[PDB]
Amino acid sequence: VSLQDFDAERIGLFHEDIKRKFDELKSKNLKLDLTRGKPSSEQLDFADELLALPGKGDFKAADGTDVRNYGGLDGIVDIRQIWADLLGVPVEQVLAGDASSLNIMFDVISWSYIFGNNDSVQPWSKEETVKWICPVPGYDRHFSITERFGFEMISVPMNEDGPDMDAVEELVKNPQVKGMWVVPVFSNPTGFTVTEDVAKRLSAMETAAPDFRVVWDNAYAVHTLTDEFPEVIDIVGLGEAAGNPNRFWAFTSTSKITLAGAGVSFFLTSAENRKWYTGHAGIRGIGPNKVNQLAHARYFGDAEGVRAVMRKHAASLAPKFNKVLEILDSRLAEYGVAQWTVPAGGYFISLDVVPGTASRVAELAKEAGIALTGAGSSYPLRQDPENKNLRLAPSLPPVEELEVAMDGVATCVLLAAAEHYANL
């Protein structure tokens, strides 16, 4: 019997039962935080050597470029080739920037708004209405960019194999629709991964806008919890093969590989998109930081060197995800109140509680000294229409803290569920 099928008296009693546990949880006086989707100090220690790279006397890229001096908008060949080899794409596709791929995403959107993109009839700022496809649950920092530009964000379900392509293929037939966000591998926060079939559908679909763009933000391209690395779909190539070469603006970075905020970002896109981008970037400045790019190239040496680092991250993160999953199972399984993802990579676990209770869960956790990301945080304008989803971030705390914190979260899920069904 799930809680929802408890009779009126049984759920009342269950409510009194679980409230005793909640009282015990509060008497612990916890101060714990499950909100931070960032690497732990242990993981940042792996790149300690990078703090001393590229090192005295070592300032030449593989083509002879003095990385210390001005110029070059594309990034240095050394780091571009490593990433091309890692991702299995032609090097010509790859541009290497500064330390933030979000910065580049914002820029390409803002330039499409101001100037138009290379396929635009006119700039997006001339449109009465710009709409933007948002697979949910998704990444708050993506949705914040589109919200700040005033675009009407239209949600679609993020499914196990990627965004619901029936819904997307329909929505893009509206010319107001100028693009879409997706995190295609270990998606933030669902852990779901776009299949080859879904990528093909995104690549071949017809859009009403001539200048429609998919942001393919492959932020977790190599970020496995296991020994297996996920497939890297050459999405820019798929767009080229389908006859929509300019469709995909693809990104990734080293922020959860080396240093979070001081890594190197990459922008992968078609020939025509890259000329558009560097023509605007060349007015914004002289070009990106080549020294940090050479530092990175030296640290990794080659693509296998990147995978070797990712195995260290996996070994550090795996027990943390395991603890969270173990606790959710032991406390909640029997009750039919919640569903959670079981990801094989990325930085998050996505938890769905009783619809109408996610805000209450986060409130109860807060009264108990446990910080959860708020209800709706993974949705545009922070509006989850079912008030059910919560994001869990296991990476930073030690396992002992995760155990305590999740045990408390589970109690909160149960109490909120008991309140909800008792009030019905």
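A residue's number is simply how far along the shown sequence it sits, counting from 1.
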(request) Return whichever of 135-143 and 326-334 has the greater mean Cα B factor according to the PDB record. (result) 326-334
(message) If you average the CA temperature factors as listed in the entry, which stretch comes out higher, 96-104 or 231-239?
(response) 231-239
(request) Using the temperature factors in the entry, find which of 293, 110, 129, 188 has the highest value at its Cα atom. (result) 129
(message) Just the C-alpha B-factor column, please: which of 170, 74, 217, 352 has the biggest number?
(response) 170
(request) Consider only the C-alpha atoms of the modelled residues in this chain, order them by B-factor as the entry records it, and name the third containing residue 313: lowest, middle or highest. (result) lowest
(request) Check where residue 275 lands among this chain's C-alpha B-factors and tell me if it's the lowest, middle or highest third. (result) middle
(request) Divide the modelled residues of the chain into thirds by Cα B-factor and specify which third, lowest, middle or highest, holds residue 198. (result) highest
(request) Could you say whether, by C-alpha temperature factor, residue 319 belongs to the lowest, middle or highest third of its chain? (result) middle
(request) Divide the modelled residues of the chain into thirds by Cα B-factor and specify which third, lowest, middle or highest, holds residue 388. (result) middle
